[PDB]
Amino acid sequence: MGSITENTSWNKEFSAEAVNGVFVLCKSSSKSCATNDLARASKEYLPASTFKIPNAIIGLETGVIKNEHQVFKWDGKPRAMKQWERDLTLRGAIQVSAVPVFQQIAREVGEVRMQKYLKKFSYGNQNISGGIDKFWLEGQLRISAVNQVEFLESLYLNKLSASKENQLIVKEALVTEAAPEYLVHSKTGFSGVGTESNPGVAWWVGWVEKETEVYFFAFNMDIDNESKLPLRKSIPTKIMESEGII
Amino acid sequence: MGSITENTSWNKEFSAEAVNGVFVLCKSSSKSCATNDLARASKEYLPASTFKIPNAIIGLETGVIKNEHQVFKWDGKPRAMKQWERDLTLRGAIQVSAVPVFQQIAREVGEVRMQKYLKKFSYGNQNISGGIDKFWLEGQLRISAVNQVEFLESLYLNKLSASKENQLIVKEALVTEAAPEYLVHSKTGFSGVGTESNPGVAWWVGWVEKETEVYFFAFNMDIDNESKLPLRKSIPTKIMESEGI
Numbered sequence: 141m142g143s144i145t146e147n148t149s150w151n152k153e154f155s156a157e158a159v160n161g162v163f164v165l166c167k168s169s170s171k172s173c174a175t176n177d178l179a180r181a182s183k184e185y186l187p188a189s190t191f192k193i194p195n196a197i198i199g200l201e202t203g204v205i206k207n208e209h210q211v212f213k214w215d216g217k218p219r220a221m222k223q224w225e226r227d228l229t230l231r232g233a234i235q236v237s238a239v240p241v242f243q244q245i246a247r248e249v250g251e252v253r254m255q256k257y258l259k260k261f262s263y264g265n266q267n268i269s270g271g272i273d274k275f276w277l278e279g280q281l282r283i284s285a286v287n288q289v290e291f292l293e294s295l296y297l298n299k300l301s302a303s304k305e306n307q308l309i310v311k312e313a314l315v316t317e318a319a320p321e322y323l324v325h326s327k328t329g330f331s332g333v334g335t336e337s338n339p340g341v342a343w344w345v346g347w348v349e350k351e352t353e354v355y356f357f358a359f360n361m362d363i364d365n366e367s368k369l370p371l372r373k374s375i376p377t378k379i380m381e382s383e384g385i386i
Numbered sequence: 080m081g082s083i084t085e086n087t088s089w090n091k092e093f094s095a096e097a098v099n100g101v102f103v104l105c106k107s108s109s110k111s112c113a114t115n116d117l118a119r120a121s122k123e124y125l126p127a128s129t130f131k132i133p134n135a136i137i138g139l140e141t142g143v144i145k146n147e148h149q150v151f152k153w154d155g156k157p158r159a160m161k162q163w164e165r166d167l168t169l170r171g172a173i174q175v176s177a178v179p180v181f182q183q184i185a186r187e188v189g190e191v192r193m194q195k196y197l198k199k200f201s202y203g204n205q206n207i208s209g210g211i212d213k214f215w216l217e218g219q220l221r222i223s224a225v226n227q228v229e230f231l232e233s234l235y236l237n238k239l240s241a242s243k244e245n246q247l248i249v250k251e252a253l254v255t256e257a258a259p260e261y262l263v264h265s266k267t268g269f270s271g272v273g274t275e276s277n278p279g280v281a282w283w284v285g286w287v288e289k290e291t292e293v294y295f296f297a298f299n300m301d302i303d304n305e306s307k308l309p310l311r312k313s314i315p316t317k318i319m320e321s322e323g324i
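Quick look at the structure:
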């Protein structure tokens, strides 16, 4: 990555909520990044559902996901969340974080192909052991906020080791906010409430295209209570809108 | 164009506003469309800004538009609108409908290549005479609502005679509404108030991806009073809502 500068004043938003976390924000027009905590910016955590971004690209690249219009049919069996009990498009599955859809995609991709692509993507520690359908949820895979922004910037520029076509498909699927001159691509993540002395992690990563400017961001925080989930978006949002990226 | 059925009940919104226009809605699931007026559905009108869709694709295909990240720098010379007086990305130019930006692109594309692609796209009457950079604004180019829908369906499916990459680039630049299971791609159009007994035309075309269903739409109406523009969105919205979309 380029240069990164620690800005301890950003901790203001974290203190107010008594949250232990990190936010990394990079402005493309300068190749510079800022963060409230340099140490945690480089610390690696379970990616949780933010892993659906590389998983989607790999699914497309390997042909497991036939094309952008593939519909993932619900077999009718009970699923962990009601929002997943329905047929979903690739964008739909990603947007509602439909774990079972991507677990099946991961099984079809397989260990060998999955490993190959995470190496090509320089994705975290590239550790997929423990079970092909859950390594990003409870396995040994880990990735840092800094590595997330590097990865997302590559995707934005279509520089990942995959077809431009597939990177573009996954990119539209990640759009979460659209205005004439304000476009946001993002993905949430939540590993769970963790265990005693081992909190879970919550994520919010993506990028913002405001006019001719582009900002890449990655946020993660320790979490042991679902009631704190909204903070994964509110803290980053307050930090960015305090930076003029309203 | 699969099958199309006229549904006069849709005229309600039109009559309720004393507006002459047409709306074509197609449900991909069941290759069928509906319209309030079959005859007008096939009538061709000046595309106005909706033409920025085919133009953007052509600009990318021919190279005039370097890539998806190309920036369109403003030279400083005043423009018809303040919103266009600034640098713009490809999506920004489309979203705010920066006429000057695309006029320049058209010039670079060249009437020869422009004519070539409109033939590949089967875009309306394909008449770009009058002025290489104003034919869609006041030239003789004409296209129907049915033609807009089939053109947009081709784009959605990456079936236009262009690279899938360029089609995908233009598709994201057209996103106007984004939600978890609701995504809208769309483009507005307006030729002006026009002249007496010869009003202008207002457009609104695009498609809606709701859950796993996909709806393609095209709307146009005659307009002589700039105060009626909002109707290009309100009328279709009301009709689609009355359908469940």
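For the record, the sequence lines run as chains A and B.
Reading the first sequence from the start, the letters are residues 141 to 386 in our numbering.
Reading the second sequence from the start, the letters are residues 80 to 324 in our numbering.
From the three backbone atoms N, C-alpha and C, an ideal C-beta is built for every residue, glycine too.
(1) According to DSSP, simplified to helix, strand and coil, what is A:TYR355?
(2) In terms of DSSP beta bridges, what is A:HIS325 paired with?
(3) Among B:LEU104, B:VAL272, B:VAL178, which residue has its Cα nearest to the Cα of B:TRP215?
(4) Please report the straight-line C-alpha distance between B:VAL263 and A:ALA158, rounded to a whole angstrom.
(5) Under 7 Å between beta-carbons, which chain A residues line up against B:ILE248? List them in chain order, please.
(6) For B:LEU104, tell me which candidate among B:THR141, B:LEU234, B:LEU308, B:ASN299 has the shortest Cα-Cα distance.
(7) Verify whether the separation of the beta carbon atoms of A:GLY142 and A:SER169 is less than 8 Å.
(8) In the DSSP assignment, find the beta strand (DSSP E) that holds A:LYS260 and state where it starts and stops.
(9) A:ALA318 and B:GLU256: beta carbons closer than 8 Å?
(10) If we ignore side chains and look at the alpha-carbon of each, how far apart do A:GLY279 and A:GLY384 end up?
(11) Quick one: grab the DSSP three-state call for A:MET361.
(12) Exposed or buried, what is B:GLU305 when buried is set at 16 or more other beta-carbons lying within 10 Å of its beta-carbon?
(13) Three Cβ pairs or more, each shorter than 8 Å: is that satisfied between the region 144–164 of chain A and the region 252–264 of chain A?
(14) Note down the Cα distance separating A:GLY334 from A:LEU300, rounded to an integer number of angstroms.
(15) For A:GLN288, would you say it is in contact with chain B, using Cβ-to-Cβ distances shorter than 8 Å as the test?
(16) When you compare each of A:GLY340, A:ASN267, A:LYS327, A:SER331 to A:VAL348 by their alpha carbons, which one comes out closest?
(17) Just confirm the distance between the C-beta atoms of B:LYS250 and B:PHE181, as a whole number of angstroms; I'd bet it's less than 8 Å.
(18) Within the same chain, show all residues whose beta-carbon is closer than 7 Å to that of B:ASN90, passing over the 5 residues directly before and after it, in chain order.
(19) Which residues, taken in chain order from the region 315–326 of chain A, show a beta carbon closer than 9 Å to some beta carbon of chain B?
(20) Kindly indicate which three-state DSSP category B:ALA159 falls into: helix, strand or coil?
(21) Out of B:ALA159, B:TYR124, B:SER88, B:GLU92, which has the shortest C-alpha to C-alpha gap to B:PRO278?
(22) B:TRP153 and B:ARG165: beta carbons closer than 8 Å?
(23) Among B:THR168, B:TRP283, B:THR84, which one has its Cα closest to the Cα of B:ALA127?
So, from the data block:
(1) strand
(2) Per DSSP, A:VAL315, A:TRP347.
(3) B:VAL178
(4) When rounded, the distance between both Cα atoms is 39 Å.
(5) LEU308
(6) B:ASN299
(7) no
(8) A:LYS260 -> not in any beta strand (DSSP E); alpha helix (DSSP H) instead, spanning 239–261.
(9) In this structure, A:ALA318 sits near B:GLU256, with a CB-CB distance shorter than 8 Å.
(10) 38 Å
(11) Taken through DSSP and simplified to helix, strand or coil, A:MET361 comes out as strand.
(12) By the 10 Å Cβ count, B:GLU305 comes out exposed.
(13) no
(14) Going by the C-alpha atoms only, they are around 32 Å apart.
(15) no
(16) A:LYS327
(17) In fact, because the Cβ distance is near 17 Å, the residues do not count as touching under 8 Å.
(18) Closer than 7 Å at Cβ, skipping near neighbours: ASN115.
(19) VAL315, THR316, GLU317, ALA318, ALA319, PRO320, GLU321, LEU323, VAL324
(20) Correct three-state label for B:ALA159: coil.
(21) B:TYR124
(22) It is a contact, given that the beta carbons lie within the stated cut-off.
(23) Looking at the Cα atoms, B:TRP283 is the closest of the given residues.
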